[PDB]
């Protein structure tokens, strides 16, 4: 509900000014409320970080998991999973940064165990997500619709390639859903299809 509004503006502020130099007041300014309502909804600043991670990891999974069991060859579901994964990134950049800057928070010596208890639990959520891609890649290797490559290395490589889109992608003012979807499909075409000729 109205936490969703806080999670977005928190993720975006987390992405722009950094977790370290963003404060609960800064989210209060962005969300247009007082320091009260934020602290009503999450325990602490690190709780919003955890919540954006958790929510953003749920967003990408509800969008990608439906294709794991769908019909089609392995390559065909992998393509659909990837376009979804890239499209999630370009639409929800703030969530994507907090998810993959959960190490930027790890850069400071891991302080609270009862927090590194939830952050590690969250890491397992990202682990499970990547397992979906490993499963389809394995299936696509066996059904011939992918190359006989190393299943582990191809999974690491592909997922890092999908998350690397944020290196050069910017939110263009006025890009439509269709345009973003099409650009994600262009990107996935180079990732799955390669750039060399055959």
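Numbering follows the first chain given and starts at 1.
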property	result
32-40 versus 168-176 - which carries the larger mean C-alpha B factor in the record	32-40
Between 56-64 and 154-162 (mean CA B-factor, as deposited), the higher	56-64
Highest-ranked of 90, 78, 110, 98 once sorted by CA temperature factor in the record	110
Chain-relative CA temperature factor third for residue 82	lowest
For residue 136, the third of its chain into which the C-alpha B factor falls	lowest
Entry-reported Cα temperature factor of residue 130, expressed as the chain third it lands in	middle
Among modelled residues of the same chain, the CA temperature factor third for residue 197	middle
